[PDB]
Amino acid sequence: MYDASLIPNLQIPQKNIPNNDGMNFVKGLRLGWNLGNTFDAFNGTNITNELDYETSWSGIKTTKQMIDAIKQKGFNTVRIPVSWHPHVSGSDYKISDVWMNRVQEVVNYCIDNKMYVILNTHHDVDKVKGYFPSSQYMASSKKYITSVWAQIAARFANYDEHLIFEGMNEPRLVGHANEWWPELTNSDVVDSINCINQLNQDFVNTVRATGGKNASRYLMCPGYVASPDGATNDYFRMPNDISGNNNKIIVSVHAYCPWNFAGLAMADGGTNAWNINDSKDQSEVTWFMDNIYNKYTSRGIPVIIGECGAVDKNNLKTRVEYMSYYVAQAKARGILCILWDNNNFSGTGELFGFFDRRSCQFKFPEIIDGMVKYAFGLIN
């Protein structure tokens, strides 16, 4: 049965945030949800045609009713991860119209619900088929980013500010020892960071060049592996935007912190405990948020935590407390949170399933109600 008593009573002091267009835009997004393991799937056991990629990992085709349910809960933003590499051909990386049409269909489900949508490139870090953030691969990487974004920009040219473009997901050195963390002492990672700065710049230039609504829409840019440190380190450089635009670039960060609790499986040495009353455990959540506040939000530059969440370890209460605290602390610093939901309830793999797409209802409602309770308020 639903147990509302699990949700903690929190009164976190609001920090000072500038009253500008950028920060107000983010407040309007309110709280987001990821259409995880869907259009981002890039392989599978039984894919007969290209459209099967949508159900390959998710196991079910997206419908309008699903999106209606998400909105009804209180979410006002849907992030739609898309891996374009298995749907591109030729030296010009032409995107299949069949794939593009389907993506636009799902985007429309959200837009018709007056929601905000974030469209990105996801699992496209591939030396041969996509981009790879290292100097040896800059030629192909630039061609990939510019070709793909010119096409996406042209297709969605008529959509207003409700549609946001996220150039890259978690650009990193796949296979490298420092694939999952920007070790600033490593020569290879510094080269990668510089390459990422260049690719973010190319992404912005390409989109802006198409003019119209593309010239003024908000764009998101991540640092190395979209980590908080990748965005706060001294090597990170915000892209130069066209003259006339002011504060239209949003910093993207992903933070499943602390990892041993939020994502590491029990079988792999993870833990299922996190104490909201323990200062050390509290710090595991706020440390990166303070860095983000000091470097960006306190100064009026928007930041979005595009991915967050905690895997199911048969620890409902602890997860309700953790997610509630996480969202409340982010809100106090003007930061938006977007839940990662992969529809996985199989008891195996990464259990980031929350919304049961089969029955169109949330399986751990207390967690999501706690998040809605502490997210940005709605003025009318």
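Numbering starts at 1 and runs along the sequence shown.
Just going by the entry, 176 to 184 versus 79 to 87 on mean CA temperature factor gives the higher value to 176 to 184. When the two stretches 98 to 106 and 215 to 223 are set side by side, the higher mean Cα temperature factor goes to 98 to 106. Reading the B-factor column for the CA atoms of 283, 198, 121, 252 in the entry, the top value corresponds to 283. Annotation for 235, 156, 165, 149: 235 ranks highest, by Cα B-factor. The entry lists a Cα temperature factor for residue 375 that places it in the lowest third of the chain's modelled residues. Compared with the other modelled residues of the chain, the Cα B-factor recorded for residue 68 ranks in the middle third. When the modelled residues of the chain are ordered by their C-alpha B factor, residue 241 lands in the middle third. In the deposited entry, the Cα temperature factor of residue 262 places it in the middle third of its chain's modelled residues. In the PDB entry, a CA B factor belonging to the middle third of its chain's modelled residues is recorded for residue 19.
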